[PDB]
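Listed below, chain by chain, are the residues.
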Amino acid sequence: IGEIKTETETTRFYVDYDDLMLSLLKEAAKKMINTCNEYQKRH
Amino acid sequence: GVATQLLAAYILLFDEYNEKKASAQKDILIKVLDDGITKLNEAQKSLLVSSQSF
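Residues numbered from 1 in each chain as written, not as in the entry; some residues may be left out. Chains lettered and ligands numbered in written order. Part of a larger assembly, values for the part shown. Heavy atoms only, no water.

Per the PDB record, this model was obtained through cryo-EM at a reported resolution of 4.3 Å.

In structure tokens:
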């Protein structure tokens, strides 16, 4: 759970750049999506 | 885990001086450090009480 929480909080602070086009933010979102996919596949 | 990525993002995005995300960056840094220091201090005090318990 804490592994997912890490990327979650990371993307949360990546929000506050006030950029919706930041490649860092997009890539961290891609990371979190695959993280959630791998966690749900385990269930 | 969050701290090491935020700081790497700080080094990468502020190799040079972008004036636009300058003000937000200080807020982000203040927020994350004020979180982490409190976390560490509470963890140390809890560990001290756990050590004293024996």
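Moving on from the coordinates now.
All names here are of chain B. Within the element layout of this structure, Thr38 appears in helix α2 (residues 22–52). Judged by its relative accessible area of 45%, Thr38 falls in the partly exposed class. Sequence spacing of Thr38 and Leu48 is ten residues, and the spatial spacing of their C-alpha atoms is 15 Å. (Helix = DSSP H or I, 4+ residues; strand = E, 2+ residues; numbered from the N terminus. Buried < 20%, exposed > 50% of the residue type's maximum accessible area, 1.4 Å probe, protein only.)

Right, let's get into helix α1 (residues 2–15) of chain A. With 14 residues, α1(A) should reach 20 Å at 1.5 Å per residue; the first-to-last C-alpha distance of 20 Å fits that figure. Within the sequence span of α1(A), burial applies to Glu7(A), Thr10(A), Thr11(A), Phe13(A) and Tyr14(A). Along the axis of α1(A), the buried positions cluster into a sector of 165°, meaning they face one direction only. Looking at the buried residues of α1(A), the elements they touch are α2 (23–41) of chain A together with α1 (2–13) and α2 of chain B. (Expected span 1.5 Å × (residues − 1). Arc of directions from axis to C-beta. Contact = heavy atoms within 4.5 Å.)

So, on to the interface of chain B and chain A. Contacts between chain B and chain A engage eleven residues on the former and ten residues on the latter. Both sides of the chain B and chain A interface together cover about 1,100 Å² of buried area, and 73% of this is carbon and sulfur. Taken as a group, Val2(B), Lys21(B) and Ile28(B) account for 42% of the area that chain B buries against chain A, more than any other trio of residues on that side. Taken together, chain B and chain A are joined by one salt bridge. The closest approach of N and O atoms between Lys21(B) and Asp19(A), which form a salt bridge, is 3.8 Å. (Buried area = accessible area lost by both parts, 1.4 Å probe. Salt bridge = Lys/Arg side-chain N within 4 Å of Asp/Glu carboxyl O.)

Attention shifts here to the nonpolar core. A general tendency of soluble globular proteins is for nonpolar side chains to be buried together. Among the nonpolar cores identified, the biggest contains twelve residues, and these are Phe13(A), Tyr14(A), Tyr17(A), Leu22(A), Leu25(A), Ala28(A), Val2(B), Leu6(B), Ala9(B), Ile28(B), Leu29(B) and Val32(B). Every element with two or more residues in this core is listed here: α1 and α2 of chain A together with α1 and α2 of chain B. (Core = buried A, V, L, I, M, F, W, Y, C linked by side-chain atoms within 4.5 Å.)

Below, the discussion takes up α2(A). All names here are of chain A. Along its 19 residues, α2 runs 27 Å from first to last C-alpha, staying within 8% of the 27 Å computed at 1.5 Å per residue. Those residues of α2 that sit buried are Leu25, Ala28, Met32 and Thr35. Looking down the long axis of α2, one finds its buried residues gathered within 80° of arc, a one-sided arrangement. Opposite its buried face, α2 presents the exposed residues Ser23, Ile33, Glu38 and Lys41, each directed more than 90 degrees away.

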